[PDB]
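Next up: a single chain in structure tokens, the form deposited in one PDB entry.
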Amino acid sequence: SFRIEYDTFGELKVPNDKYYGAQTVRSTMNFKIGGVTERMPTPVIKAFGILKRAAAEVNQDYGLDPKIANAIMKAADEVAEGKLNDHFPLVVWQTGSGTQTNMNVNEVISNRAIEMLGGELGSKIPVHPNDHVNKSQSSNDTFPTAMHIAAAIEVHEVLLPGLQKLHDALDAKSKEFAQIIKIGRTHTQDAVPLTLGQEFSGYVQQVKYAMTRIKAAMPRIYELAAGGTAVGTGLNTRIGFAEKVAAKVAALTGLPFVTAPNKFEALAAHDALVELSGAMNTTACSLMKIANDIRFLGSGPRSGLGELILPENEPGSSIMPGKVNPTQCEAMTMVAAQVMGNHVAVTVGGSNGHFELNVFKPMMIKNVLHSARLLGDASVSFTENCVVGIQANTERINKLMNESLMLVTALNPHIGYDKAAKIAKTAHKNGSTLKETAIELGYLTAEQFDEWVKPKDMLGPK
């Protein structure tokens, strides 16, 4: 049920049903940190499949036999399409250059290509993991290329689309609530009015700006290190390989990948990952505010704020009508906190490069991909299971509007400051409304109050 392969240290059993080889088994024996939840993220594995497909096609310019190249391309495609995820057992907590996952990819693609050609698995014949699958590449410039491919795809396919759905849903609710006037809160104290539409428009702007921030943090993610080889000079690769492989990855993905203009900067640091994590950190601050606001605005039903009725997704008991826990707000705010911590992990890793090579690469991309997936998925879930279903408690909102003390300044042009202050003070002392008090004090009629106190006229500059 196992085949025997060999490396410099001796023999190793490789399961017959696995496409990896001796280097991967050796790597698993020495880095047993954290268990299977710590396996390298699937986006990184898929990105390696893209990279190795691109390199094999380019390397036909540089001596690679087309029959071998095309077998590599087909196997690499299977990796990219997520068809071979079960053959990647290595964890994030490995060599800090990512070289062990590079070798895992080279072995898997080599053995699958051998199988496609009808040969013996583990033989390196006719597809050699290093001489063919890693041709023109290095142990040091491959993982950083894969992690930028993976980050860009996750931003474009998961993070930005999830934020776009949330933006659109918040914007629809802003329009739906554009005429519902409620009492503002500053310092959490009652304040002058604004509509729920206006308040929600602030959330819309925050999400729009989050997408702008993330896009602004992408130009240097599109720069690929492939071609820098061991220390950035390109020793032991071919002239034109760096440019051709970036152009091929760009063609395969439809994304504007380019070769990094300075390979020393590209290998010695991952400042672009720090930059992108920073944009996700800002996004997390925006989403914490939006979700915590919606949480409190839905508080109640009777001892809270009670402005919003959130959809009920988990069944309650009949004897507790009106109670709805804001559980999508909880998942989102937990995600927001996680992104902030992940950002510190990325920052510490990014600050700690040494000379020609930053060797915190696996941990840095793990945290970036984690934050991107959590923010995108949480945005979709918060949208579909909370935002689109939010209703305004207009009966309670209108009641509290008429009971507020904050509308009293509408009276000043009609009865003057002292009488308006006396109304407010008396109403506060007695627990009555402004209207009731103004009438009892003899300062106006009910008809006058309705004519002069118009919240619709208190919503902008004049």
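Residues that one form lacks are left out of the comparison. Quick note: we count residues from 1 along the sequence shown, nothing fancier. By rigid core we mean the largest C-alpha set that fits within 1.5 Å across both forms.
The form deposited in another entry exists for this protein as well; it is not shown, and the discussion that follows is about that form.
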*Identify which of 175, 323, 215, 83 has its C-alpha displaced by 2 Å or more between the shown form and the other one once the rigid core is superposed.*
323
_Cα distance between residue 323 and residue 175, which in the other form differs by 3 Å or more from this form, closer or farther_ = farther
_in the other form, whether the C-alpha atoms of residue 396 and residue 321 sit closer or farther than here (change of 3 Å or more)_ = farther
*Taking the rigid core as reference, consecutive runs of 3 or more residues that move 2 angstroms or more in Cα between the shown form and the other one*: 315-324
